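In: quick check, what structure comes out for this input:
(chains A and B, ligands or ions: 12)
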Number of protein chains: 2
Amino acid sequence: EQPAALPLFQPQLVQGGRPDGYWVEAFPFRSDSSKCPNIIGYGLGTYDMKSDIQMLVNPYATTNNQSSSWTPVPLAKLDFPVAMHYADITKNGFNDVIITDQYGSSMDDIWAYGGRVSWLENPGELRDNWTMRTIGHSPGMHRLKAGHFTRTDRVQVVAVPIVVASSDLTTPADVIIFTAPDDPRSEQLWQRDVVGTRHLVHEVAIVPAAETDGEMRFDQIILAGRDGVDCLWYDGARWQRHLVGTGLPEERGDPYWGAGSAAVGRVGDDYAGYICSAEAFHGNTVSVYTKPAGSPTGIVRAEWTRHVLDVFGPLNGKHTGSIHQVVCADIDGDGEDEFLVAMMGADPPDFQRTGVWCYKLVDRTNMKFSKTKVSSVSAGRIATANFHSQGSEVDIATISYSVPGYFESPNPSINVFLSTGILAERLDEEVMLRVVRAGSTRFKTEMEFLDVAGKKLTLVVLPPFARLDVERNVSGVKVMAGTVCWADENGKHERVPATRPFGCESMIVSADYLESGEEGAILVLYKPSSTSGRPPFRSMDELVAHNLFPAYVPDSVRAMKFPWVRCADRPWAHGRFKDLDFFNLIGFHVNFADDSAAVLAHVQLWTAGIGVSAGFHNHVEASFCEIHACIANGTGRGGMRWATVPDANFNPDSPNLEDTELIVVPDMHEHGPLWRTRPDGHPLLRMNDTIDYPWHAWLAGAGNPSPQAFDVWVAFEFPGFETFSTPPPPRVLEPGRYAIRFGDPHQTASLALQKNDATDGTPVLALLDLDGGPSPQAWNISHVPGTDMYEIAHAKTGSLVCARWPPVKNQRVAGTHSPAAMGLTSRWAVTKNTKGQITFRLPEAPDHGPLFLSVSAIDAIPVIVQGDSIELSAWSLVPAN
Amino acid sequence: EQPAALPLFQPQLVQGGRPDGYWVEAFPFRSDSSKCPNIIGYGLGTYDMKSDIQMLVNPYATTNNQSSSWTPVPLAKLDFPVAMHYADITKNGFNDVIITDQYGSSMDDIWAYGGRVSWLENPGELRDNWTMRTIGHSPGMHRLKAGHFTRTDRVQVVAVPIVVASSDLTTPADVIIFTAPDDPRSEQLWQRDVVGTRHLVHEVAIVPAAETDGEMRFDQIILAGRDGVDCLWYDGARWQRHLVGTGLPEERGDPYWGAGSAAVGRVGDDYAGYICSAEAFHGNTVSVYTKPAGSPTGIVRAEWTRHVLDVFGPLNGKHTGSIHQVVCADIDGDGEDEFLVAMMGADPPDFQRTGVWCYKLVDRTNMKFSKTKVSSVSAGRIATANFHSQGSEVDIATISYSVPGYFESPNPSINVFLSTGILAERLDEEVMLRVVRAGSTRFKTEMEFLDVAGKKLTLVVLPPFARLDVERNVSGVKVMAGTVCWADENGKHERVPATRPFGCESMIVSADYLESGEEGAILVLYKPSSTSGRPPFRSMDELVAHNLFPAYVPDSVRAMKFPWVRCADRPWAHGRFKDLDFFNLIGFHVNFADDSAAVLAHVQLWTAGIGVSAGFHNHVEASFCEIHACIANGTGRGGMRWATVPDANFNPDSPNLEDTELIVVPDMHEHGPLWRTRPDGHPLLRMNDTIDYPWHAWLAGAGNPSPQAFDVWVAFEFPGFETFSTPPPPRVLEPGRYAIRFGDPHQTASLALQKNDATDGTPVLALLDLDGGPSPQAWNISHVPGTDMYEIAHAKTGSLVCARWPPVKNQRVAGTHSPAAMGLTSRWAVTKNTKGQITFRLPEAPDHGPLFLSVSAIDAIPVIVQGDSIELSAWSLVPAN
Ligand SMILES: O=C1CO[C@H](CO)C=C1O
Ligand SMILES: O=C1CO[C@H](CO)C=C1O
Ligand SMILES: O=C1CO[C@H](CO)C=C1O
Ligand SMILES: O=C1CO[C@H](CO)C=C1O
Ligand SMILES: [Mg+2]
Ligand SMILES: [Mg+2]
Ligand SMILES: [Zn+2]
Ligand SMILES: [Zn+2]
Ligand SMILES: [Zn+2]
Ligand SMILES: [Zn+2]
Ligand SMILES: [Zn+2]
Ligand SMILES: [Zn+2]
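Out: Numbering: from 1, shown residues only, chains lettered A, B, ... in the order given. Ligands and ions are numbered 1, 2, ... in the order given. Take a look:
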């Protein structure tokens, strides 16, 4: 339902210091699979250096991968290669390369016997130098694609020259269809028909038949050139043409007009929601062609109108600019394509024209797009695929544009940008993990990080309602943001950031899978390990932890060790904890990736051997709300104590254990909040802005340390938030859509947002349900995860019912998307009276009474908070829509 | 005084995808200057490819630099080059290259007519291919250095073969001194004397005469090889030898022992505080040689003892490992050298053996060292210099170790690591700036970031007591951490993070320079600009801001635009601020670089045209302590209002201006805190953990917006801290070293830390100043910047006098390096009685009385806090030492 945010990108330098650069392609070794494909990259070479067509091997294809290196394999070595594509010609499950070469060095140096089109035979294993067989020749051959254009039982290739001879920008060239013979393995010329003639075709794009949802039997050909952008397709019996548009208008003395490039973008069920374009040849102009809303799906049945989106600046003496290609891909996984624009770079340099721009369709109705910079290093061509994982995330690969006589990007290279919801950076001894918001990602991301105590601690982000397969009764989880859910014989089991104060949850997932809630989830997954020991842990050498980060995280992170250090030896000990078998392991900041850089939670680990107290403390030093999750309980008796006396009354240095209560925290459990809270759940704060705690500590089970057995536990340090209430109030309400009514079996009125106006600070009222009145306004009432409170949000606008500052007797009420922190004036405790009427109470402020949502009288009645009159605060809830 | 922390490093990839790799050198073009020198890098080549000796041009040499590219210049092209150095042979101010080539491909393939030693003549401008003249030949020539070894009036070169012929690891080779002739510009052989014979010399290091503080007239030669590490030097009349040590002991069947490498490390005034070493040839062993404390400075006068520091793992079938070089450099600028260890990499791969380890001398007395990973990409050789700035920061450059027949690091390259106290990362629309702690850096760092409103906003970190030259009466400053100071006709002027509540400081520096205090400083410097307009700013096009980040920050940051956006259009507007000339510019997180990743301050900007109110608000939404600094006041009347009535009494939507007070904030001023504070300065907190503010707003001066004039101001959002007191108490105390005494002209006792024990929680007492008693303990009393409070810290240990939790009547007192946040129980308000006796009062807690530092009676008297008896809380301060 909610707008999708962009993922994060982890850059990896695939191959650097290239001699030249021009083409890059996502190359699946097999035609059955599209997982972790390889990359093919090259440049045109020169008259001295034949160009190496390099098939760079994808590290993350080999399972349990350690390498970040892309092993280059020379597929072939060729005089001026230009364009390429692939398909399974031998029809054996292996992808063959099809490539144009013998082009020449420029549109001014065209080889008259050249423009060779050849295919390279995939031997089914990674050897170099593949067998080459010629398909055909046509001078100036400059782009091609494989597919099924007039038949399905055989590979066909469409191939087009940009010009027919040196310096000739006026003669149109032949749109050529080559057909595989029955035994392509005999050297012989491939059958050819010419299917049209065009001026300066600079790009060929294809729409596979399968994508058209039964509209076409064959692939459509989309040409961008001086004639503009058009669609060429075969119906079984004939070729036909449909003009999409004419592209840049000509200007005298400039031989370049029309289009340089074009792609077809999916929007929902329509494989062609729009067509984007770059203009003209190597131009600086981005435009999009649209079709009236309610148009038929596809290309040929709609008339298209051109809208210019940006001009990235003027052109030079050669009449060129900085745009070489556009492509479409679904970058944020919301089911509509974004488009990428390959910025070659400029002379003099200009970041605006270097790298990749990603344009998002923000408004499907008005066809408005907005742009974001994805990368700022030269992009001469762009390829998309998922280069690292099984899901439908989309990574971007690029190659610097460096071509003698056009533009030569300094330090030319191939890079890939790995889409991910988790990015890792070394700080010093601890790692910074930046995470996307779960609510707005459409992608699951897992990143393993530490192998310790029989477990692989894995950071996982889940999108709303996503599913996670686990190992029943073995896999453990700990929620840091959001909620996750599972079902067994007993019903639903939900995990939030913190369970009920002083409580104790099992982390073990007893089902075959879990699912995240409405807001998605961010959690630590405890995967069973065999590489980090088995309890009971009798010594600290047994608990040596191993770096788990995957090969695409940066090297300085992969190189990190996380040792256990005796607490006495940490720089914060100051002579404390001498002689204690008490150890610490740091550490991991999990923080939001967005512009807030807000903390999610800091995470670190501890151990204690038999009889060891971790020392009573109270967190006056630094502010946070801590939850612990024990991995191994040395004795089955270790756990948390807190003092039950006031603080003056307890001596942390010589503790009177009887003034404490113990909560055993068993293998793979987590405990509830121990800090002091106000009754609706807000945390008590000390005078120096720290969360207020009673004296507390982790104590290992007593006994003799022989044989030894270590407690091992993880610490989750959250910033302040509202938790559960004291006492826990009864459940008297279902989340749902409702009309909220006041009055009796005689004359009633309903809760309303004045004129349904979305503006922050719009008043909330009771509108008399009149004779021929408006119908009652719908409110979404919902439960606040990890609390006993509810929020009321306007069904149409989203606006939360909220008391104006400050919440006092007789205070007005309004709508807002700008709640106070911890929703102080926009959350509610519910009671149900014996009649069935609902009351909504504010968090009770320090020195004032309870304040309830209320009418002020008996043509709108205004809505205040007050607490003197029961009668004015009783509401009836009618399910609404 | 305080231990120096390491700086940060910004990596830059100097030259990637190299064919091979071996040597890197910091190469100053002129011998007069060492600023922003160039880099020389190469490998040995092969029998096919002569090796390019590349002089890579340093971008940051050209002033106001835009480029991050290192322009390669082929100096020469040579059969198997190995070692090199430089000096001014032509004696013209230009640095000439001296290089050994014609080596062969390996110790098994030594050219019998090779080992050529040649110099390359610096034409005084960056042309390629320099003139080459042969100095001499000796087969297997493998290392050399230039310097003055037997004379000063002429360049001399020491040159040494590692072996004399193919596969011969037993024949020792000649230590050769070459001397420049008087006219080196005539091709002729250079005069040679042999000065010794050694086995497997793998490194030559040099100590310039000038570094020895008059100990030597000539340079010392330090050789590492199978004979170990030794020193060879000339006294004017003879050569002499001093054995430092024998290095790795031989093990049978392994031809490698002794040392592979060695460097000489400064410690304070001693240019040779230690000698570090790597063992043996291409070995895996790091050791250090030490001299007894109280030894004479230098090398030849002390006996040296070897201590093995690490073994990084076993050796292979060739008997080699991963260490190629050690060097010394002063990395953290504290006046003692660290040493770097060049890790070649390993087969199979191992991060432990790849990159650079940096070892720090942590304990000068016991010669203990500890290590940190600085980089994890192959380092075959390491060069140090300051590649980017004028100060004495030290950058590290490296080249991958890739040599056919030894080890070939995949994807070989040259990288440099730029030392800096500020690192920049793009988040999304805002930049993350990570900063070092000022207290522990020895380096000034400036990084310009935004050119706006006639100013270049520059982030600056200053070490303690550092000096900053500025433009008198033009330069403006705003302190974010620490303090800075200046002097004019009126005395000292100090700037802290926030001035007195409701006050108004000028930011203009009226002196020629400022200085940071004891804790250093982190500040924004407002440099005058001509590239961002001139007030009055009549339209927002006038205030277009420009990205200022320097060329070594990453590209994705350099490519960022920071537009002004109308507040109505921001995603947090929710229909507010329609029709207001009210704009916003985001944005910059300044956060601590260390493992805490703690916030320093978030920074963003605003404008308002005539008559515009920025809207009354109270910060219930998000917690922070805000200070604003106006850059331009549209009218000279713009500024901050707050309400002076309680919050219930003020309507932010229809404000009654008379219930407010205004503080005009003139051009280049900043205002004091507007939030509510407890009387000793701790901030009032609301129930949802937000800093408590009265209704407040920025209002532009009234009038007609024609002609228009914009207020422009910057917002500093700090996390909570203690500010000044209400009312401001009188100054009755000087910071200083003191004995703290109780009693009368009859029998007295002084404040003491029990047994001067540094442990957290040691008791504080009053020890009767006895007959033959201990002397009175010294306390450092000091003023807490930005507050009216004092801290008492034990002069010997550092321990703060601090009341145990909770601060109540009769609470004990102790020492701690672990204060409560905002020093709640370890800071003090001072009063002076008419006698001259001092009282120390705690911050007054919500519901308890004042509590004073006190004795409990009239053989130690314990020290409590209490507040019933004046008499028990009066102290005498005697200046102590
Ligand atoms: O992008 C290129 C590269 O150069 C060739 C030569 O004309 C044509 C293009 O379109
Ligand atoms: O969370 C904490 C806090 O620090 C103690 C050590 O005193 C132990 C923990 O588990
Ligand atoms: O590091 C190297 C490289 O290889 C030569 C050839 O023996 C010698 C060394 O010391
Ligand atoms: O600091 C603030 C807070 O936000 C307002 C806009 O209401 C303006 C500022 O300067
Ligand atoms: Mg095939
Ligand atoms: Mg010279
Ligand atoms: Zn092109
Ligand atoms: Zn999308
Ligand atoms: Zn705790
Ligand atoms: Zn070597
Ligand atoms: Zn140092
Ligand atoms: Zn404010």
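
In: wait, residue A:672 sits on residue A:501?
Out: Yes. With contacts counted by CB atoms under 8 Å, residue A:672 reaches residue A:501, the gap being 4.8 Å. Just so you know, the C-beta spots here come from the backbone N, C-alpha and C atoms, and that holds for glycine as well.

In: shared neighbours of the two, anything?
Out: A:723, A:724 (CB atoms under 8 Å, 6 or more residues apart in numbering or on different chains).

In: burial of residue A:165, as a residue count?
Out: The local packing of residue A:165 (other CB atoms under 10 Å in any protein chain shown) involves 15 other residues.

In: can you tell me the closest non-neighbouring residue to it?
Out: Nearest non-adjacent residue to residue A:165, counting by CB to CB, 6 or more residues apart in numbering or on different chains: residue A:110, 5.4 Å away.

In: surely the one you found touches residue A:80?
Out: No. Residue A:110 lies out of contact with residue A:80 (CB under 8 Å); the separation is 10.1 Å.

In: for ligand 3, see how far away the closest residue to chain B within the stretch 201-350 of chain A is.
Out: In the stretch 201-350 of chain A, the residue that lies nearest chain B is residue A:349 (7.3 Å; CB to the nearest CB). From residue A:349 across to ligand 3, the span is 38 Å (CB to the nearest ligand atom, to the nearest Å).

In: could you find the closest non-adjacent residue to residue A:325?
Out: residue A:342 (4.1 Å).

In: quickly find the element holding that neighbour.
Out: strand A:338-344 (DSSP states H and E).

In: which residue sits farthest out from the middle of chain A?
Out: residue A:746 (53.4 Å; CA atoms, centre = their mean).

In: A strand includes that residue, no?
Out: No. Looking at residue A:746 with DSSP: H, G, I helix; E, B strand; the rest coil, it is coil, so not inside a strand.

In: can you give me the neighbour number for residue A:674?
Out: The burial count for residue A:674: 20, using other CB under 10 Å.

In: so it touches residue A:694, yeah?
Out: Yes. Contact criterion CB under 8 Å: residue A:674 and residue A:694 qualify, at 7.2 Å.

In: overlap in contacts, those two.
Out: residue A:642.

In: who's in contact with the closest residue to residue A:142 other than its chain neighbours?
Out: Nearest residue to residue A:142, sequence neighbours excluded (CB to CB, 6+ apart): residue A:162, at 3.9 Å. With contact taken as CB under 8 Å, 6+ apart, residue A:162 is in contact with A:107, A:140, A:142, A:143, A:173, A:200, A:201, A:202, A:225.

In: how about a cut-off of 6 Å?
Out: Taking CB atoms under 6 Å, 6 or more residues apart in numbering or on different chains, we find residue A:162 in contact with A:140, A:142, A:200.

In: could you point out which element follows the helix or strand in which the second one is found?
Out: Counting by DSSP H and E, the secondary-structure element that holds residue A:142 is strand A:141-147. Scanning forward in sequence from strand A:141-147, with DSSP H and E defining helices and strands, the next element found is strand A:156-161.

In: so the helix or strand following that following strand versus strand A:141-147, what angle?
Out: Remark: after strand A:156-161, the chain's next helix or strand is strand A:173-179, criterion DSSP H and E. Taking axes from the mean of the first three to the mean of the last three CA atoms, to 10 degrees, one finds strand A:173-179 and strand A:141-147 inclined to each other by 40 degrees.

In: tally of neighbours for the residue nearest to residue A:325?
Out: When neighbours are defined as other CB under 10 Å, residue A:342 has 24 of them.

In: measure it to residue A:97 for me?
Out: Distance from residue A:342 to residue A:97, counting by CB to CB, to the nearest Å: 21 Å.

In: same question, residue A:549
Out: According to CB to CB, residue A:549 and residue A:97 sit 34 Å apart.
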